[PDB]
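Enquirer: Pasting a structure below so you can have a look.
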Amino acid sequence: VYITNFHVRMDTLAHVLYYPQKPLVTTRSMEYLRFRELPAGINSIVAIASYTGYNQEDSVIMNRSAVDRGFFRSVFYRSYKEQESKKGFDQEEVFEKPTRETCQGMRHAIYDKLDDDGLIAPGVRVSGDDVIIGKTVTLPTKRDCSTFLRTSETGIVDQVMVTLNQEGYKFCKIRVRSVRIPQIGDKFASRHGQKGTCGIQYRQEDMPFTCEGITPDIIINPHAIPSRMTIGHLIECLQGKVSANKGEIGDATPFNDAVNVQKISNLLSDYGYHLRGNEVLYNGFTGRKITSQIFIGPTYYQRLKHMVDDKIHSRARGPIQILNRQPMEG
Amino acid sequence: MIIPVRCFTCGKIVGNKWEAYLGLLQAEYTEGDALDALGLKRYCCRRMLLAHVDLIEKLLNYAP
Amino acid sequence: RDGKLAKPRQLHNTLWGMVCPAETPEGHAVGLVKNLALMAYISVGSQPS
Amino acid sequence: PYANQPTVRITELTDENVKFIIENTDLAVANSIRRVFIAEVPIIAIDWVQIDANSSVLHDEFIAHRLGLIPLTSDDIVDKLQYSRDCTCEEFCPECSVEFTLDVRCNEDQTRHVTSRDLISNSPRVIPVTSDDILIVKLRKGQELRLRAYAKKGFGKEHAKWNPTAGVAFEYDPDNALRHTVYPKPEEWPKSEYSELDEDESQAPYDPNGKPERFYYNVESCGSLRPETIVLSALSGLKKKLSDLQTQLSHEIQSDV
Amino acid sequence: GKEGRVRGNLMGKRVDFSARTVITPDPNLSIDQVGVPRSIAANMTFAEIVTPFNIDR
Amino acid sequence: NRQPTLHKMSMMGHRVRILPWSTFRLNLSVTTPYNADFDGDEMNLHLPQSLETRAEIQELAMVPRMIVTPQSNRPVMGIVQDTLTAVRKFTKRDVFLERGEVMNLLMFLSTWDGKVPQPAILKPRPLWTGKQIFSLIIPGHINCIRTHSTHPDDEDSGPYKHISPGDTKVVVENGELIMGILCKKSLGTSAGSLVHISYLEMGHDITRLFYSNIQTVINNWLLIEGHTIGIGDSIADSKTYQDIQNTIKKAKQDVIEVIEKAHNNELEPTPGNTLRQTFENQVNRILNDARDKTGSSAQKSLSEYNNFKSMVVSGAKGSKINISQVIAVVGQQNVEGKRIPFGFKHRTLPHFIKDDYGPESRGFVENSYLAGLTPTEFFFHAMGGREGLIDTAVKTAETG
Amino acid sequence: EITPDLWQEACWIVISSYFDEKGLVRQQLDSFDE
Amino acid sequence: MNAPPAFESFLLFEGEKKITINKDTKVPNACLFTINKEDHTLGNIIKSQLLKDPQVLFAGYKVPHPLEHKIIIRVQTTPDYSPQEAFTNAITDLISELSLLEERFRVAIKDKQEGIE
Amino acid sequence: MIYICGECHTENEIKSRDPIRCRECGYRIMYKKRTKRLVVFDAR
Ligand SMILES: [Mg+2]
Ligand SMILES: [Zn+2]
Ligand SMILES: [Zn+2]
Ligand SMILES: [Zn+2]
């Protein structure tokens, strides 16, 4: 969440998380930059293991029936501007609902969602290629223009505003709302420079469990650690497991020299766990024990901005230019 | 913005324990003892309340 | 933004406590834009009278 | 070449969890019924929301989502409800649905909590679990909310709002008598709750001609079904899957001629 | 030169029948296969001549 | 193809298989030619429209036809990040499988004839071995002799040349693994490997099945065996720490004697060396040979269950210096190929006194990544990293 | 009157005094008023 | 919409059939069953029962792709037995095991109507 | 149709091709009123 009054601002391209959480392992210099009042992330339970090969070479497996309870769900807003203008005597524009027999330059798309004004009332479900603003130009009869959506939006019209710009030209703004559930292209990153996409999603009946039914939300590959040496990533998930059992919130100020690993481990063996984080996991498909012991604990992940709904595109005999007859966009 | 209704990992119902949690921290309890007086014993269900920031109380300041 | 001379890009000893040592972008603008540390304060000026 | 004679023995019984022990069975069967407590036990939940007026702080698809995860009392009338895709009615009928209704308006200056005490149904058998209160949204002076919802029937492979259980513990062989798992230093590991070892031992001695038996369970519940009818409805549901597959099979090797 | 008419549109040009998106691992595929989503596959085509061997299909 | 096309292996002909969600999906052993990785990467595909172009793509540039490269006459695709670590553990001398697990593994072989081999141990109860199951993946009847990456060079001298107590000297005779552990020297992309021989003798259509079978079988055993990395694998016993402290203290001692005997003009320059040059040369000698024995003291204290040694030995990921940097000593930083310079006037930071030439005052980081660094060492580490980060930014444009 | 080894809580009480007054963007606001 | 609906994982289509038989031609007395719209819950419960038969030589199962819903089971028996026999004899032994365990359970919960202690 | 002022929230029908101002408030930012055709969601 980027600002508290995000309801008023009609920004373009605003992302907002549903359920933000503050870290369980905090630096003391975060009380002064307000990271516990506008946080960005969620404490997830991470396990470092090789499970089925879908998390190799910087990927993550994630729990599917935790995504169904709100995990890392978010929303996505976007605004569009239109301004009626008198660039000429006859070349005057106006918001109105273009009718088929009078206006001429329209496509065959549907114009029923538009109201009498020429704008869509908020609440409807506007899909790809759906006209939203009807603007007709008078011909020296009436030659209509309009604004269409991009392709593959499937939004819902949030609110429509009508007012006057810097000078006396009526103009309107329209905001479109769309919900984004995490899927298997999205990019997730830790707090120590480990980015990675999502490989596959398993249900709860398939993830590996502990001897009291605690399945991990994310599974990452052990090969990511030894080459880049991020050992700060392996202590905040050990420190984090003490903070959830004791009830405090940990301290990770850099040059403290009062928090060893021997002082954290000796604190953990008091709550009845192994003193290095390891646990005995059962296999989810066959119920058998896993010969090795898996290192598991809570960590703080963030959801980056690069989603896969925005990067897929294809062309097969599309529109071409006019002068050089080379393929053109649309 | 608002307390989730279910822990993401277990599935145990948490959304009805936020007002009682503030009420126990109100008197003298430590966060470690208030969480035990509510019956949260797995460290996946204690992370839910221990690390929750309540943003809904600041969006009720803007007049509708 | 493309000159290959390293001496205006490398980290200098005198940046201790006034410019963050770790935060910088990659690509072609490595070490050209920089962020200042937490307590660093820039002066505003006065008259030598 | 035949089945076994498993024996059950219950240890605890509350209104929110059961502890029992299943002796003399195979590991594959003791696990296949651990995945059925989770996935394939039917239950009621909201699956169709329509909003008439929402002037609150959360958008429409936020409230439509916090409603589905509210658990409804599904004790006895889940066996009388058809699946809405099987029933011969139209989109909805009182034979495969239950209709709810919410309508709240804030007029005083003090803020208002919209709990689950406002979900008003028509069938007195299915109500939210109130006999505290789950919070849905808070309202300010001059805001309101009103909607209509239907509650279908399904299980936990559709969506994680239809599973009836919190964490389901399970474990066997509390001491490495079989060495299924291998400790590097067997002294640093805490002793299990079910162990029978001395205070100064780490593992039982290895025995090669062993086999896993005496599995330990602990099934909690979210509030819809009693913790002892989650189990009875699972065994009665798994049996009816094999019994239906045997029909399709004998129908195949009969039509082989 | 570059972006004129001799060095920008004679040998290097934009082409059709092509797609682009992210890649993710899959250990269940042979080393000579690739996985394509259904929205890309339902867009690109392949012209197939009609012969009395494939008229009905 | 992938974003920059450097060699002809960056553009190969695949085959379509349609799946539900919305990303391109491809195998892992092919990520080495494309030089790809799955952190927000992208790749393009083009669809041949005609039939002649389809036939020529099929008989010229399909990916099983481009396993060995003419650039260096060695394969370009080998077993990769996660399957290599497991293949090394699957072919140890002591890996015995029961009956149910052997059947479950055989279910994943695409070139299985349908017979179950006789176990290696018939009594007291039947148990198969790792090499006995791997011998079914190896195609045809090929022959090869390699070594494992821990072969003691003094083993071919004495007896036990053909016995190998450590189970080294891989021997594949008549198409079946007789002895030896498999690793990157015997399955990766080097000349004379197992995949290279299988390509030279059997052809291009059987090596494909070789790759696929290895991957599927080993993954479906790994979800029984499991693999991980923690902090128990990044810590040492009490004896090793004392040894490291002692050797560091003695090195920091010797440097002081060198310095204080150079302040009384008792040093003699060597031919072609300034006095500063010989001073810094011998202090660099003292510092460099010091961290090495700390590294060896860290190595020789590891355990067989350690998970760092398990990725270093099999050659999957890592090197033998990361172990010592995590456990023993980070070492000595340097910019422009020389010691940390005097950025202030006759100082490196305002916390030292002028013209201090000691080890800790000019970049020697004596902690480990597990014990954390002090501020002055954090800064010098940042400097070294920065120069190492700029060079890569230049290299791409230059070479392209 | 001296501060012995109560230092770890004393250094974070003068830093709090700094940011409570100055802030984080006093860089921009003071050169404009000038 | 590039994501499948959730009911495709268990709900059969119109043309599909749940089970299909094919005979393996590489070895005698081998068969290969292909159950549709199924997963590990049912796949694993069968294999463990077939191994308990002293007249079965092979038994295994695999889910060829985790993103599709289909399993495969292979069986091979002695020359005086039929794979279709060994398969159906396995199922009727599971049903005889579950229905028995349900009786012993319903007795144990009503064994403490008021309480034993 | 019907518009809502941005300050006093008093609905007022603005006729086509007419200046954009409130009444009783004199304000120049108007929000269009929510539609009346109904759309249904899923709790999923
Ligand atoms: Mg990359
Ligand atoms: Zn939980
Ligand atoms: Zn109905
Ligand atoms: Zn007004």
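In the structure tokens, the first chain shown is A, the next is B, and so on; residue numbers restart at 1 for each chain, and ligands run from 1 in the order shown.
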Can you work out which residues are within 7 Å of ligand 2, considering only C-alpha atoms and all ligand atoms, and then hand them over as a PyMOL selection string?

Expert: chain B and resi 7-12+42+44-45

Enquirer: So which bits of segment 55-247 of chain F end up strand (DSSP E or B) when you DSSP the backbone, as a PyMOL selection string?

Expert: chain F and resi 62+68-69+74-75+96-97+121+127-129+144-145+171-172+177-179+228

Enquirer: Just want the residues within 10 Å of ligand 1, written as an NGL selection string, counting only C-alpha atoms and all ligand atoms.

Expert: (:A and (57-58 or 195-196)) or (:F and (35-42))

Enquirer: Fewer than 4 positions away in the same chain doesn't count, so skip those; otherwise give me all residues within 9 Å of residue 34 of chain C, counting only C-alpha atoms, as a ChimeraX atom specification.

Expert: /C:19-21,23-25

Enquirer: At a cut-off of 10 Å around ligand 4, and using only C-alpha atoms and all ligand atoms, what residues come up? Please write them as a PDB file with N, CA and C atoms, in the first residue's frame.

Expert:
```
ATOM      1  N   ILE I   4     -23.258  13.360  -8.723  1.00  0.00           N
ATOM      2  CA  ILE I   4     -23.031  13.556  -7.298  1.00  0.00           C
ATOM      3  C   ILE I   4     -21.909  14.567  -7.125  1.00  0.00           C
ATOM      4  N   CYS I   5     -22.166  15.612  -6.344  1.00  0.00           N
ATOM      5  CA  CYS I   5     -21.147  16.614  -6.089  1.00  0.00           C
ATOM      6  C   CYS I   5     -19.951  15.982  -5.389  1.00  0.00           C
ATOM      7  N   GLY I   6     -18.816  16.661  -5.475  1.00  0.00           N
ATOM      8  CA  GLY I   6     -17.600  16.121  -4.907  1.00  0.00           C
ATOM      9  C   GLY I   6     -17.338  16.607  -3.503  1.00  0.00           C
ATOM     10  N   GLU I   7     -18.158  17.540  -3.025  1.00  0.00           N
ATOM     11  CA  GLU I   7     -17.983  18.103  -1.695  1.00  0.00           C
ATOM     12  C   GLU I   7     -19.186  17.882  -0.794  1.00  0.00           C
ATOM     13  N   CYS I   8     -20.392  18.200  -1.259  1.00  0.00           N
ATOM     14  CA  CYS I   8     -21.584  18.083  -0.435  1.00  0.00           C
ATOM     15  C   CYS I   8     -22.387  16.818  -0.704  1.00  0.00           C
ATOM     16  N   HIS I   9     -22.056  16.066  -1.754  1.00  0.00           N
ATOM     17  CA  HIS I   9     -22.682  14.778  -2.048  1.00  0.00           C
ATOM     18  C   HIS I   9     -24.191  14.911  -2.235  1.00  0.00           C
ATOM     19  N   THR I  10     -24.608  16.012  -2.841  1.00  0.00           N
ATOM     20  CA  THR I  10     -26.013  16.236  -3.142  1.00  0.00           C
ATOM     21  C   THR I  10     -26.272  15.962  -4.614  1.00  0.00           C
ATOM     22  N   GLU I  11     -27.066  14.933  -4.882  1.00  0.00           N
ATOM     23  CA  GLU I  11     -27.355  14.526  -6.250  1.00  0.00           C
ATOM     24  C   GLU I  11     -28.109  15.626  -6.977  1.00  0.00           C
ATOM     25  N   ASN I  12     -27.780  15.824  -8.248  1.00  0.00           N
ATOM     26  CA  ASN I  12     -28.440  16.827  -9.066  1.00  0.00           C
ATOM     27  C   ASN I  12     -28.346  16.444 -10.534  1.00  0.00           C
ATOM     28  N   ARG I  21     -21.669  22.364 -12.673  1.00  0.00           N
ATOM     29  CA  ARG I  21     -21.553  22.968 -11.358  1.00  0.00           C
ATOM     30  C   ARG I  21     -22.611  22.382 -10.440  1.00  0.00           C
ATOM     31  N   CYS I  22     -22.279  22.329  -9.161  1.00  0.00           N
ATOM     32  CA  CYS I  22     -23.207  21.870  -8.150  1.00  0.00           C
ATOM     33  C   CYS I  22     -24.235  22.955  -7.878  1.00  0.00           C
ATOM     34  N   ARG I  23     -25.103  22.702  -6.911  1.00  0.00           N
ATOM     35  CA  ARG I  23     -26.024  23.697  -6.391  1.00  0.00           C
ATOM     36  C   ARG I  23     -25.948  23.633  -4.878  1.00  0.00           C
ATOM     37  N   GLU I  24     -26.128  24.780  -4.236  1.00  0.00           N
ATOM     38  CA  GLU I  24     -25.940  24.942  -2.794  1.00  0.00           C
ATOM     39  C   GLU I  24     -24.477  24.800  -2.387  1.00  0.00           C
ATOM     40  N   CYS I  25     -23.591  24.504  -3.336  1.00  0.00           N
ATOM     41  CA  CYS I  25     -22.168  24.395  -3.023  1.00  0.00           C
ATOM     42  C   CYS I  25     -21.247  25.073  -4.025  1.00  0.00           C
ATOM     43  N   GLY I  26     -21.648  25.247  -5.283  1.00  0.00           N
ATOM     44  CA  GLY I  26     -20.772  25.853  -6.267  1.00  0.00           C
ATOM     45  C   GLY I  26     -19.447  25.133  -6.404  1.00  0.00           C
ATOM     46  N   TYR I  27     -19.464  23.936  -6.981  1.00  0.00           N
ATOM     47  CA  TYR I  27     -18.271  23.113  -7.077  1.00  0.00           C
ATOM     48  C   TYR I  27     -18.221  22.519  -8.474  1.00  0.00           C
ATOM     49  N   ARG I  28     -17.026  22.136  -8.918  1.00  0.00           N
ATOM     50  CA  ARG I  28     -16.827  21.767 -10.315  1.00  0.00           C
ATOM     51  C   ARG I  28     -16.151  20.412 -10.480  1.00  0.00           C
ATOM     52  N   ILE I  29     -16.438  19.461  -9.599  1.00  0.00           N
ATOM     53  CA  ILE I  29     -15.968  18.089  -9.746  1.00  0.00           C
ATOM     54  C   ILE I  29     -17.149  17.181  -9.453  1.00  0.00           C
ATOM     55  N   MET I  30     -17.599  16.448 -10.463  1.00  0.00           N
ATOM     56  CA  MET I  30     -18.796  15.633 -10.369  1.00  0.00           C
ATOM     57  C   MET I  30     -18.466  14.165 -10.580  1.00  0.00           C
TER      58      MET I  30
END
```

Enquirer: Determine, counting only C-alpha atoms, which protein, DNA and RNA residues have an atom within 8 Å of an atom of residue 313 of chain F; residues of the same chain fewer than 5 positions away are not included. Present the result as a list in words.

Expert: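 Neighbouring residues, sequence-local ones excluded: residues 149, 150 and 183 of chain F.
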
Enquirer: Show me which residues are within 8 Å of ligand 3 counting only C-alpha atoms and all ligand atoms, and format the list as a list in words.

Expert: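 Listed by chain and ascending number, the contacts are residues 84, 87, 88, 89, 90, 91, 92, 93, 94, 95, 96 and 97 of chain D.
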
Enquirer: Any idea which chain A residues end up within 9 Å of chain D if we count only C-alpha atoms, as a ChimeraX atom specification please?

Expert: /A:7,18,64-70,179,203-206,209-215,269,272-275,280,282,284-293

Enquirer: Mind listing the helix (DSSP H, G or I) residues of segment 253-316 of chain A, per DSSP on the backbone, as a list in words?

Expert: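 Selection result, helix (DSSP H, G or I) within segment 253-316 of chain A: residues 262, 263, 264, 265, 266, 267, 268, 308, 309 and 310 of chain A.
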
Enquirer: Hey, which bits of chain H sit within 12 Å of chain F, and for each residue what's the closest pair of atoms and how far apart in Å (one decimal), counting only C-alpha atoms, rows by chain and increasing number, as CSV?

Expert:
```
residue,atom,partner,partner_atom,distance
H:1,CA,F:21,CA,9.6
H:2,CA,F:21,CA,6.0
H:3,CA,F:21,CA,5.5
H:4,CA,F:20,CA,6.6
H:5,CA,F:20,CA,10.4
H:8,CA,F:20,CA,11.3
H:24,CA,F:114,CA,9.7
H:25,CA,F:114,CA,10.0
H:26,CA,F:114,CA,6.8
H:27,CA,F:114,CA,6.4
H:28,CA,F:114,CA,9.8
H:29,CA,F:114,CA,11.4
H:30,CA,F:114,CA,9.5
H:31,CA,F:114,CA,11.8
H:32,CA,F:107,CA,11.5
H:43,CA,F:104,CA,11.9
H:44,CA,F:104,CA,10.6
H:47,CA,F:100,CA,9.1
H:48,CA,F:100,CA,8.4
H:49,CA,F:100,CA,11.4
H:50,CA,F:100,CA,10.7
H:51,CA,F:100,CA,7.9
H:52,CA,F:100,CA,10.8
H:57,CA,F:116,CA,9.3
H:58,CA,F:103,CA,6.9
H:59,CA,F:103,CA,6.7
H:60,CA,F:104,CA,5.4
H:61,CA,F:107,CA,6.7
H:62,CA,F:107,CA,6.9
H:63,CA,F:108,CA,10.0
H:64,CA,F:108,CA,9.0
H:65,CA,F:19,CA,10.1
H:66,CA,F:19,CA,10.9
H:67,CA,F:20,CA,7.6
H:68,CA,F:19,CA,8.5
H:69,CA,F:20,CA,11.8
H:71,CA,F:107,CA,11.8
H:72,CA,F:107,CA,9.6
H:73,CA,F:107,CA,9.0
H:74,CA,F:107,CA,8.2
H:75,CA,F:103,CA,10.7
H:76,CA,F:114,CA,9.9
```

Enquirer: Define the interface residues of chain I facing chain D as those within 6 Å, counting only C-alpha atoms, and report them as a list in words.

Expert: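 That gives residues 40, 41, 42 and 43 of chain I for chain I.
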